[PDB]
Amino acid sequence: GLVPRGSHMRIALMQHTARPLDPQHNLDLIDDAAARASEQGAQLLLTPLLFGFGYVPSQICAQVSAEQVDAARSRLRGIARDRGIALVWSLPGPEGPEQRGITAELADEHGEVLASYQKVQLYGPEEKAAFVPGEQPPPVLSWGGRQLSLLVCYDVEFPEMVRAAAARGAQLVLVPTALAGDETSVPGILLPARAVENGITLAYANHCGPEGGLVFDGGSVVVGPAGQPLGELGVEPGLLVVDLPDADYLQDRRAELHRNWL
């Protein structure tokens, strides 16, 4: 509906099905979503993990060159600029195929990249064979009037990764994902816990549908700090648009002991 008072940030999440190894098709679906999110007055669109190439780690390692990644990243910066909306996307890193990881990047409405993050927790033997894990904590930055951060799919399932973002001041954690297998415990149990245990909001943008040898779950969701869904999709392609409204674990935690016990 119209932008409510007492809300000064409206975000959108794209949920759709990618065609593996067909970036012209997948980036046209991200351009359509960006145009639709911008027409609904969203200031930022979050899109799913590896969407531009499809979630096919082995095949990205084997067949997608650094030059082809950079072409897709240039088109994505063009879409943020041409549709006038900030975009968070997730592509392979910029290095050669044997040295790059999976990244997530946030570009503003000028198409300029403000923050980038390399996935620290790779999931399963295919990702682990195709990508180098990140070694840096998640970034946090002011945008739109709150502190945004980036994490990617399996990262959010480790409470340490979300606590690292919230300890650097994150209020809204944006998470491109690719979750298949009817894995109901990640959005149903873990995401609400990550929101409550840090007092943060998390946005989770998934694929859906048949892609890459999997059928993705959809179920994209924004969870607020009480653990409740601000908005949620089903199993089919859609665009979720939500307005964000305007115990103290992060202070009580005994971090100096905790870091010696992990």
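Residue numbers run from 1 along the displayed sequence.
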query	finding
Interresidue gap class [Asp22, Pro23; deposited sequence, unmodelled]	none
Higher-scoring stretch by recorded Cα B factor average, 118-126 or 94-102	94-102
Between the two ranges 106-114 and 163-171, the one averaging a larger CA B factor in the entry	106-114
Highest recorded Cα temperature factor - choice among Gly134, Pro139, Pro176, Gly144	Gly144
Position of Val64 among the chain's modelled residues by C-alpha B-factor, lowest, middle or highest third	highest
Third of the chain, ranked by Cα B-factor, where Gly227 sits	highest
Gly219 by Cα B-factor - lowest, middle or highest third of the modelled chain	middle
Position of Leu244 among the chain's modelled residues by C-alpha B-factor, lowest, middle or highest third	highest
Lowest, middle or highest third - CA B-factor, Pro210	highest
